[PDB]
Amino acid sequence: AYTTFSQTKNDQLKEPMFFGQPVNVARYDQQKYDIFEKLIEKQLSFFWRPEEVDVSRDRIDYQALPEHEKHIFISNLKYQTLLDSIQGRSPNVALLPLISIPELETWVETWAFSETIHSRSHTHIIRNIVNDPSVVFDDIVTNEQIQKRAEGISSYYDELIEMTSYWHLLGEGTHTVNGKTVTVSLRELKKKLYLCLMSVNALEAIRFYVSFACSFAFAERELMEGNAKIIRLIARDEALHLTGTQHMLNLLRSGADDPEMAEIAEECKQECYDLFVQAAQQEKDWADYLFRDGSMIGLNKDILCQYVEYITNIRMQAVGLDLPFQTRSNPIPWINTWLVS
Amino acid sequence: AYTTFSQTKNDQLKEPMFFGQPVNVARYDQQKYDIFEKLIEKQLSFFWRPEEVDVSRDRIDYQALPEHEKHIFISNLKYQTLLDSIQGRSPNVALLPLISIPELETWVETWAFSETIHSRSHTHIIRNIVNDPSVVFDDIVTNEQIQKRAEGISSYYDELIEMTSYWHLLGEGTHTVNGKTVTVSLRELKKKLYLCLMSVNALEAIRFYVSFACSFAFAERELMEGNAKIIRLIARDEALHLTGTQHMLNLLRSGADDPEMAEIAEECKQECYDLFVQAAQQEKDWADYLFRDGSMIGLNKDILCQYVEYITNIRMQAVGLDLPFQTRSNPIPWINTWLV
Ligand SMILES: [Hg+2]
Ligand SMILES: [Hg+2]
Ligand SMILES: [Hg+2]
Ligand SMILES: [Hg+2]
Ligand SMILES: [Hg+2]
Ligand SMILES: [Hg+2]
Ligand SMILES: [Hg+2]
Ligand SMILES: [Hg+2]
Ligand SMILES: [Hg+2]
Ligand SMILES: [Hg+2]
Ligand SMILES: [Hg+2]
Ligand SMILES: [Hg+2]
Ligand SMILES: [Hg+2]
């Protein structure tokens, strides 16, 4: 039931963002939602190559860092590397099969592409600061504290993908497979998509943002400046990515795109609220682990805890959720220097 | 059983290209096959923005073409628009879920991205040479002769995706699904992927080169120069794309990757041959439609037929297949100018 070229002539301006007729012709002269075309144009305008950033002094900077600061630096970078590894592939494997307007289709492929550039940039840094990159790369997979902080990201995508496959193969209904009942409901699949996109919003809008504070705290001391330049370019992309998910989510909950989806979103208001708080809690928990045997000029576990609360309130507000934390001004206004957006 | 972040610490240098553990960490410091890393670098080096291309003279040129030349030009562009629509999405939906080495995964995503840029360039031209783009785009979907020429492309991808979903959901074996016996064979799925790759090779290496020749026949008349600029950029990318599939296919044939894929390539040899012979015939058949209202000096059914045979023999040789066609020299050596 999925096809790479639906042979039915359809009005692409009238399809929903998701679950409609798969996109046939790729055209960009018109859109149902011009935000997605504007994001494509902007991301293309921002194209960069990691190899064109001078990183030659980052190795000696890193080596001269006190052992606990090396630990803060490398652990933060390993988590960034985990997140971009996942985001390189997942928007394509998880969202593309479900998209039914051309502007959003191409936005997702362009988004995913920009993520692979991010992963390439993380290799560029690692190669240039450690003798054996394999040690860093292997620790990403098995590192207990990172299985923990991002515990649950791959599962949301994975369940969405599995349910999408059942939907595409069998359609809605009550089915049997090898002696067991398998229920496929479009409503449940819409719910999974909604929560997946909420989680992707928290990933890019908060999890990655909190990581920028660690990277740019070294930059403020004129250390790891090659890395800083790369993270700066990544943050400029991230601003677009979270703008895309913000719009998808707001168009889904308003009811202008799919009334069923607006019901679903109201229905999981509490669940979503609680998912946001958990992501924030996970990032707080990591902060402590980062800072377990020392702190830095400009950063420590309580400052980065406050930043997690600050950023979380802003993002939740932006997608129409209640604020879990005490309202405060930015605890690290110096970071605005680096977040050019 | 697909996962976006596989949990086992595996040696990515020892996975197969396809069907191994899904890639976890995306790293570019090492490769099983450096050709794919070299292709990513080159394609990134070629980044272009379609809208920056000046096509302001193409509307003048186009509107002044005789009607039969408008037909030739726009039928060709509509077919290019079809193939890049499919290619923008298909490598990511059909291949990406089966890749087990990071360099191949990222190449497939870069390749696909580059195809969405091709599609964006077709919009750029179309919107600047006609007053209603929708008539052009709508016709791509319903045009009986366009779809006849493309028959089998989306069908092949679609079949591979369905079979892949069954494999990820149920695993190998014989299953009972809504009372029907469904066999999931990894060997059969490997054959499907393998022949999909062969078909993609024919698509980029033959079907698109035939279309380039029709595009450049106008450039040779000093017409449609914005478009020719765009097609030259497209062709530069296409050369990388076909290099990628040639190397995937030839590495599989070698036995140096998955040994079962090497058995499959040999076993399915005739199927490989047949699919190239059918694609070539479809490209020939398109001539009657293309030249329906008349042909052009140096571009007609005979010339097109000759070029199809010429290029098909070259691509077939490059992946170890016998040649179906009589050997010939290039019937349109003027195209070399445009193909750098
Ligand atoms: Hg998602
Ligand atoms: Hg998700
Ligand atoms: Hg941090
Ligand atoms: Hg819900
Ligand atoms: Hg919700
Ligand atoms: Hg909600
Ligand atoms: Hg949420
Ligand atoms: Hg906190
Ligand atoms: Hg706090
Ligand atoms: Hg294919
Ligand atoms: Hg031609
Ligand atoms: Hg073959
Ligand atoms: Hg011929």
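Conventions used here
Residues numbered from 1 in each chain as written, not as in the entry; some residues may be left out. Chains lettered and ligands numbered in written order. Heavy atoms only, no water. Helix = DSSP H or I, 4+ residues; strand = E, 2+ residues; numbered from the N terminus. Rg over C-alpha atoms; globule rule 2.2 N^0.38 Å. Buried < 20%, exposed > 50% of the residue type's maximum accessible area, 1.4 Å probe, protein only. Contact = heavy atoms within 4.5 Å. Areas by Shrake-Rupley, 256 points an atom, 1.4 Å probe, with all protein chains shown as cover. Salt bridge = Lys/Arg side-chain N within 4 Å of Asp/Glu carboxyl O. Pairing = 2+ DSSP bridges. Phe/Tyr/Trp six-rings, centres within 6.5 Å; stacked < 30°, edge-to-face > 60°. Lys NZ or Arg CZ within 6 Å of the ring centre and 35° of its normal. Buried area = accessible area lost by both parts, 1.4 Å probe. Axes fitted to C-alpha atoms, helices over the stretch in contact; angles between N-to-C directions. Parallel < 35°, antiparallel > 145°, perpendicular 65-115°, else oblique. Left-handed = near helix turned anticlockwise from the far one by under 90°. Expected span 1.5 Å × (residues − 1). Polar contact = N/O pair within 3.5 Å; in protein donor to acceptor, adjacent residues only side chain to side chain.

Per the deposited record, the coordinates in this entry were obtained by X-ray crystallography to a resolution of 1.90 Å.

J.: How should I be thinking about the overall build of chain A in this particular structure?
T.: Scanning chain A from terminus to terminus reveals 12 helices and two strands. Starting at the N terminus and walking to the C terminus, you meet the elements of chain A as α-α-α-α-α-α-α-β-β-α-α-α-α-α. Against the compact-globule benchmark of 20 Å for 341 residues, chain A has a radius of gyration of 21 Å, which places it among compact chains. Based on the C-alpha atoms only, the size of chain A along its principal axes is roughly 65 × 45 × 40 Å.

J.: Looking at this structure, how should I read the overall build of chain B?
T.: Within chain B one finds 13 helices and two strands. Taking 20 Å as the expected radius of gyration for a compact globule of 340 residues, we find that chain B reaches 21 Å, a close match to that expectation. With the principal axes as the frame, chain B shows a C-alpha extent of 65 × 45 × 40 Å. Looking at chain B as a whole, 63% of its 340 residues qualify as buried. At a minimum sequence separation of 6, the contacts of chain B that also span at least 24 residues come to 77%. For chain B, the exposed surface amounts to about 12,400 Å²; the carbon and sulfur share of it is 48%.

J.: I'm lost on the pattern of salt bridges in this one. Help?
T.: Side-chain pairs of opposite charge can arise whenever the charged atoms involved come near each other. Here the structure, examined in full by the defined rule, presents 51 salt bridges over all chains. Here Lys32 of chain A makes a salt bridge to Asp257 of chain A, at a shortest N to O gap of 2.9 Å. Here the residue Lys32 of chain A occupies a position in the segment before α1 (34-45), and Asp257 of chain A occupies one in the loop between α9 (225-254) and α10 (259-267), the gap between them amounting to 225 residues. Overall, the relative accessible area of 9% leaves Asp257 of chain A in the buried class. Across the pair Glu266 of chain B and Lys269 of chain B runs a salt bridge, and its minimum N-O distance is 3.0 Å. Several salt bridges share partner residues, and in doing so they unite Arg187, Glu188, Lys190, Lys191, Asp258, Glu260, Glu263 and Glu267 of chain B into one network.

J.: Help me understand the pairing of strand β1 (residues 173-177) of chain A, please; the structure alone is not making it clear to me.
T.: Taken residue by residue, a regular strand's side chains alternate between the two faces of the sheet. All names here are of chain A. Here five bridges tie β1 to strand β2 (residues 180-184), and the two strands are oriented antiparallel to one another. Along β2, the bridge assignment pairs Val177 with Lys180. Connecting β1 to the antiparallel partner β2 that follows it, the hairpin turn spans two residues, and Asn178 within it adopts a positive phi of roughly 40 degrees.

J.: Honestly, the packing of aromatic side chains in this entry has me stumped. Any pointers?
T.: The way to describe two aromatic rings as a pair is by their centre distance and the angle between their planes. One pass over the structure, following the stated rule, counts 27 aromatic pairs over all chains. Note on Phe47 of chain A and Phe47 of chain B: the rings are 4.1 Å apart at their centroids and 5 degrees apart in plane angle, and the pair reads as stacked. Here the residue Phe47 of chain A occupies a position in the loop between α1 and α2 (58-64), and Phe47 of chain B occupies one in the loop between α1 (34-45) and α2 (58-64), the pair thus bridging two chains. On the accessibility criterion, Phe47 of chain B (27% relative accessible area) is partly exposed. Judged by centre distance (5.8 Å) and plane angle (65 degrees), the ring pair of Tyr62 of chain B and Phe73 of chain B falls under edge-to-face. In this pair, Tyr62 of chain B is assigned in helix α2 and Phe73 of chain B in helix α3 (residues 67-95), connecting sequence segments 11 residues apart. Exposure class is identical for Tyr62 of chain B and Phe73 of chain B. Each is buried. Aromatic rings pair up to connect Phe208, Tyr209, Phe212, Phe216 and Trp338 of chain A into one cluster. In this structure, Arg120 of chain A is placed above the aromatic ring of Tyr28 of chain B, and the distance from its NZ or CZ to the ring centre is 5.0 Å. Lying across the ring of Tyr28 of chain A, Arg120 of chain B places its NZ or CZ 4.8 Å from the centre.

J.: Quick question: what am I supposed to make of the pairing of strand β2 (residues 180-184) of chain B here?
T.: Residue and element names in this part refer to chain B. Sheet topology note: the strand β1 (residues 173-177)/β2 ladder contains five bridges and is antiparallel. Residue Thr174 lies in a different strand from β2, and its bridge partner there is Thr183. Joining the antiparallel neighbours β1 and β2 is a turn of two residues, in which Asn178 adopts a positive phi near 50 degrees.

J.: What is the right way to look at the interface of chain A and chain B in this model?
T.: Buried accessible area, meaning the area lost when the parts come together, often serves as the stated size of an interface. Taken together, the contacts link 65 residues of chain A with 68 residues of chain B. Across the chain A/chain B interface, buried area totals approximately 5,900 Å², and carbon plus sulfur atoms make up 59% of it. Linking chain A to chain B there are four salt bridges. Residue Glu105 of chain A pairs with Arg89 of chain B through a salt bridge whose shortest N-O separation is 2.8 Å.

J.: Which parts of the structure should I look at to understand unusual backbone geometry?
T.: Backbone phi values are negative for most residues with the exception of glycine, while trans is the configuration of most peptide bonds. Residue and element names in this part refer to chain A. Positioned with a positive phi, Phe19 is a non-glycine residue whose angle comes to about 75 degrees. Here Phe19 shows up in the segment before α1. The phi angle at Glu222 is positive, at roughly 60 degrees, despite the residue not being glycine. In this fold, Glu222 is placed in the loop between α8 (186-219) and α9. Taking the relative accessible area as the measure of exposure, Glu222 reaches 54% and is therefore exposed.

J.: How should I be thinking about the environment of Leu233 of chain A in this particular structure?
T.: When you line up the elements, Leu233 of chain A lands in helix α9. Setting aside anything within four residues of it in sequence, one finds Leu233 of chain A in contact with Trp48 and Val53 of chain A.

J.: Honestly, the packing of α1 of chain B against helix α4 (residues 102-127) of chain B in this entry has me stumped. Any pointers?
T.: Think of two packed helices as two axes; the pair is described by the angle between the axes and how far apart they sit. Residue and element names in this part refer to chain B. At a minimum axis separation of 9 Å, α1 and α4 run at an interaxial angle of 30 degrees. Of the possible angle classes, the one that applies to α1 and α4 is roughly parallel. Handedness of the α1/α4 crossing: left-handed. Only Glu103, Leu104, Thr106, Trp107, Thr110 and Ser114 of α4 make contact with α1, whose side of the interface consists of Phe36, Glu37, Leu39, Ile40, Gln43 and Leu44.

J.: Honestly, the packing of helix α7 (residues 153-170) of chain A against helix α7 (residues 153-170) of chain B in this entry has me stumped. Any pointers?
T.: Between α7 of chain A and α7 of chain B, whose axes approach to 10 Å, the crossing angle comes to 125 degrees. Comparing their axes, α7 of chain B and α7 of chain A come out oblique. The handedness of the crossing between α7 of chain A and α7 of chain B comes out as left-handed. For the pair α7 of chain A and α7 of chain B, the contacting residues are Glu162, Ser165, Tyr166, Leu169 and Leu170 of chain A in the first and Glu162, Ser165, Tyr166, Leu169 and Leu170 of chain B in the second.

J.: Explanation requested: helix α12 (residues 301-318) of chain B in the structure shown.
T.: Every α-helix carries 3.6 residues per turn, so stepping three or four residues along brings you back to the same face. Residues and elements named next belong to chain B. With 18 residues, α12 ought to run about 26 Å at 1.5 Å a step, and its terminal C-alpha atoms sit 26 Å apart, in line with that. On its buried side, α12 packs onto α8 (186-219), α9 (225-253), α11 (269-290) and α13 (336-339). The N-cap of α12, judged by a side-chain oxygen 2.9 Å from the amide nitrogen of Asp302 a few residues on, is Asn300. Of the residues one or two after α12, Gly320 is the one with positive phi, at around 80 degrees.

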